[PDB]
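Reviewing the structure listed below.
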Amino acid sequence: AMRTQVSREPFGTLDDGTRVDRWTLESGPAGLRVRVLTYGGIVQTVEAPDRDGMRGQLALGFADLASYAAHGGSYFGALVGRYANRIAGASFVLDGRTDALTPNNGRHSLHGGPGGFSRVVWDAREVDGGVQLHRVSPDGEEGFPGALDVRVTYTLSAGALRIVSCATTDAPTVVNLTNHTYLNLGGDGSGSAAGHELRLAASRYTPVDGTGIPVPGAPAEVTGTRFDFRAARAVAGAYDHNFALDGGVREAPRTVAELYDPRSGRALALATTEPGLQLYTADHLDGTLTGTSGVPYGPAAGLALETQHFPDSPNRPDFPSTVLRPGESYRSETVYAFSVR
C-alpha cells in the first residue's frame with residue numbers, strides 16, 4: 001500500500017455565499033481516490049480499479065457544486081441526519097414529550113428534514129489518512145431536541161474507505177446517521193446497476209406500507225420472497241427497503257453486504273456496526289440529471305446501501321433504540337472495501 005495523500009481546495013460557494021471545500025483522499029493507482037465536500041459531507045466521487053487495473057469513477061454525483069445545491073432530492077453521496085430515513089407523521093414521543101418535525105415527505109419526516117445534515121456546511125480538518133467533519137446541530141434544529149455535537153471522520157487505507165460517525169448530546173434526542181452514497185461498480189455512466197450481484201447477511205427485512213412506514217410486526221423472514229439476498233444474486237428489481245442484518249447492533253464492524261459487477265470485475269465488501277441496511281435502487285431517476293461522467297442518470301443508475309437503524313424507530317420501541325442521552329456516546333462505523341474478482 002502507498003501512504004494516503006490528503007489535499008483540500010475550494011469547490012465553490014452556495015447561493016447564500018457560504019464557501020464549500022473539496023477534500024481529496026488518494027491512495028494510489030492500486031487504491032482509491034475519494035473526494036468529500038464540506039457541503040452535506042457529500043462523497044462526490046469514488047474511483048477504484050477494475051480487474052485490468054483501470055481506474056473508474058463509481059459514485060452517482062455531479063461535477064459541480066451548483067448541481068448538488070439545486071438537486072439535493074437524490075441525496076447523492078450525502079451525510080444524512082439527524083435522523084436517516086422516515087419518521088411516521090413527522091412526529092414522535094421522547095420522554096413524555098411530543099416532538100413536531102417538518103413534513104417534507106408527504107405526511108412524514110425524511111432524512112432529517114429540509115435543512116437536514118446533507119444540506120448544511122460542516123467544519124473540516126485534516127486527520128491521519130483523511131478528513132474529519134464537525135458541526136453542532138443546535139437544540140430544536142428541524143424540531144429535534146438537544147444540541148448534538150457531531151463528528152464524522154472519513155479515512156482511506158489502500159482500497160478501503162472508512163467512515164466513523166460520533167456524537168454527544170446535551171439533552172435526550174434521537175440520532176441515526178448514514179451515508180447515502182449510490183454506487184455503480186461498472187462506472188456511474190455505464191447504465192443500469194440492476195445486473196450487479198448482491199449478497200446480504202440478512203435473514204429478515206422490514207415490510208412497509210405505500211409511503212415507506214414499516215407495518216406493525218417484527219421483521220419478516222426473507223425466505224421465499226423477492227427480498228432473499230442470502231445467496232449472491234442479481235439485484236434485478238426495484239427496492240426501497242430496510243434489511244434486518246443478522247447479529248443486529250455490533251460493537252465492531254463486520255461484513256454485511258457484498259456487491260459485485262461481473263463486467264468490470266469490481267467488488268465491494270461493506271462492513272458496519274449498524275443493525276440495518278436500506279437498499280435503494282434509485283427508481284426516482286428519470287434521465288434529466290447529467291452525472292459526473294457526463295451521462296444522464298436513468299432509473300437504477302446506481303445502488304444505495306445505507307447502513308442505519310430501522311425506519312420509524314422513534315415510533316417503534318421494538319426496534320433497536322436510536323435514543324441518545326447526555327453522558328452517552330453515539331458511534332457508528334461503516335467501511336467500504338473495494339477489490340476485484
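In the C-alpha cells, the first chain shown is A, the next is B, and so on; residue numbers restart at 1 for each chain, and ligands run from 1 in the order shown.
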Exercise. Mind checking which residues fall within 7 Å of region 39-53 of chain A, counting only C-alpha atoms, ignoring those fewer than 4 positions away in the same chain, and posting them as a list in words?
Key: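 The contact residues come out as residues 20, 30, 31, 32, 33, 34, 35, 57, 58, 59, 61, 77, 78, 79, 117, 118, 119, 120, 121, 122, 181, 264, 265, 266, 340 and 341 of chain A.
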Quick one: write out the picked residues with C-alpha atoms as a PDB file, in the first residue's frame?
ATOM      1  CA  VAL A  20     -17.504  24.908   0.296  1.00  0.00           C
ATOM      2  CA  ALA A  30      -3.922   0.238  -6.777  1.00  0.00           C
ATOM      3  CA  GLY A  31      -6.022   2.061  -4.195  1.00  0.00           C
ATOM      4  CA  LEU A  32      -8.782   4.642  -4.320  1.00  0.00           C
ATOM      5  CA  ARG A  33      -9.414   8.283  -4.906  1.00  0.00           C
ATOM      6  CA  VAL A  34     -12.283   9.629  -2.832  1.00  0.00           C
ATOM      7  CA  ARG A  35     -13.420  13.246  -2.812  1.00  0.00           C
ATOM      8  CA  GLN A  57     -15.492   6.700 -11.159  1.00  0.00           C
ATOM      9  CA  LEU A  58     -18.249   4.737  -9.436  1.00  0.00           C
ATOM     10  CA  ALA A  59     -20.399   7.082  -7.332  1.00  0.00           C
ATOM     11  CA  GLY A  61     -22.936  12.513  -8.281  1.00  0.00           C
ATOM     12  CA  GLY A  77     -23.202  10.941  -1.625  1.00  0.00           C
ATOM     13  CA  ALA A  78     -24.725  12.606   1.393  1.00  0.00           C
ATOM     14  CA  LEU A  79     -24.071  12.508   5.116  1.00  0.00           C
ATOM     15  CA  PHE A 117     -27.308  17.341   7.667  1.00  0.00           C
ATOM     16  CA  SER A 118     -26.998  16.767   3.911  1.00  0.00           C
ATOM     17  CA  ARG A 119     -27.805  20.422   3.182  1.00  0.00           C
ATOM     18  CA  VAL A 120     -25.596  22.255   5.675  1.00  0.00           C
ATOM     19  CA  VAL A 121     -21.875  23.096   5.622  1.00  0.00           C
ATOM     20  CA  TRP A 122     -19.521  21.281   8.024  1.00  0.00           C
ATOM     21  CA  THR A 181     -23.633   7.054  -1.496  1.00  0.00           C
ATOM     22  CA  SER A 264     -15.696  -4.811 -14.807  1.00  0.00           C
ATOM     23  CA  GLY A 265     -14.881  -7.243 -12.038  1.00  0.00           C
ATOM     24  CA  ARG A 266     -15.123  -4.565  -9.328  1.00  0.00           C
ATOM     25  CA  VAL A 340     -11.659  -7.181  -7.856  1.00  0.00           C
ATOM     26  CA  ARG A 341     -12.598 -10.707  -8.927  1.00  0.00           C
TER      27      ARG A 341
END
Could you find all residues in region 93-283 of chain A that DSSP calls strand (DSSP E) from the backbone, and write them as a PyMOL selection string?
chain A and resi 93-94+97-100+109-110+123-127+130-137+148-157+160-169+173-174+178-179+182-183+197-200+204-206+220-221+233-234+240-244+254-260+266-272+276-280
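Comparing A:24, A:165, A:5, A:308 by their smallest distance to residue 241 (chain A), the closest is A:308 (using only C-alpha atoms).
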Between CA of residue 205 (chain A) and CA of residue 219 (chain A) - distance in Å to one decimal:
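Atom-to-atom, CA of residue 219 (chain A) to CA of residue 205 (chain A), that is 5.3 Å.
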Might you pull out every residue within 7 Å of residue 339 (chain A), with only C-alpha atoms counted and same-chain residues fewer than 2 positions away left off, and present them as a PDB file with N, CA and C atoms, in the first residue's frame?
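As a result, selection.pdb now contains:
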ATOM      1  N   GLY A 159      -7.423   0.123  -0.397  1.00  0.00           N
ATOM      2  CA  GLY A 159      -8.673   0.064  -1.132  1.00  0.00           C
ATOM      3  C   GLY A 159      -9.928   0.251  -0.296  1.00  0.00           C
ATOM      4  N   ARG A 266     -15.233  -5.300 -10.591  1.00  0.00           N
ATOM      5  CA  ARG A 266     -15.123  -4.565  -9.328  1.00  0.00           C
ATOM      6  C   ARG A 266     -16.028  -5.164  -8.259  1.00  0.00           C
ATOM      7  N   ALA A 267     -15.500  -5.265  -7.045  1.00  0.00           N
ATOM      8  CA  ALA A 267     -16.244  -5.830  -5.922  1.00  0.00           C
ATOM      9  C   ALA A 267     -16.200  -4.885  -4.740  1.00  0.00           C
ATOM     10  N   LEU A 268     -17.300  -4.841  -3.995  1.00  0.00           N
ATOM     11  CA  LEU A 268     -17.380  -4.081  -2.752  1.00  0.00           C
ATOM     12  C   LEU A 268     -17.798  -4.999  -1.623  1.00  0.00           C
ATOM     13  N   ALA A 337     -14.947  -1.550   1.374  1.00  0.00           N
ATOM     14  CA  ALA A 337     -13.691  -2.160   0.935  1.00  0.00           C
ATOM     15  C   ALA A 337     -13.804  -2.640  -0.508  1.00  0.00           C
TER      16      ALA A 337
END
* Can you list, as an MDAnalysis selection string, every protein, DNA or RNA residue that comes within 10 Å of residue 70 (chain A) when you count only C-alpha atoms, leaving out same-chain residues fewer than 3 positions away? -> chainID A and resid 14:15 65:67 73
Include C-alpha atoms and write out the residues we just selected as an mmCIF file, in the first residue's frame.
data_model
loop_
_atom_site.group_PDB
_atom_site.id
_atom_site.type_symbol
_atom_site.label_atom_id
_atom_site.label_comp_id
_atom_site.auth_asym_id
_atom_site.auth_seq_id
_atom_site.Cartn_x
_atom_site.Cartn_y
_atom_site.Cartn_z
ATOM 1 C CA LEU A 14 -23.592 28.116 -2.105
ATOM 2 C CA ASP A 15 -26.221 30.626 -3.192
ATOM 3 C CA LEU A 65 -21.493 22.302 -6.533
ATOM 4 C CA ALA A 66 -24.448 24.108 -8.151
ATOM 5 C CA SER A 67 -25.971 20.781 -9.209
ATOM 6 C CA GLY A 73 -33.531 15.455 -3.535
#
* To do: Enumerate as an MDAnalysis selection string all residues of region 6-174 of chain A assigned to alpha helix (DSSP H) by DSSP on the backbone, naming them with the chain letters and numbers the document uses.
  => chainID A and resid 65:70
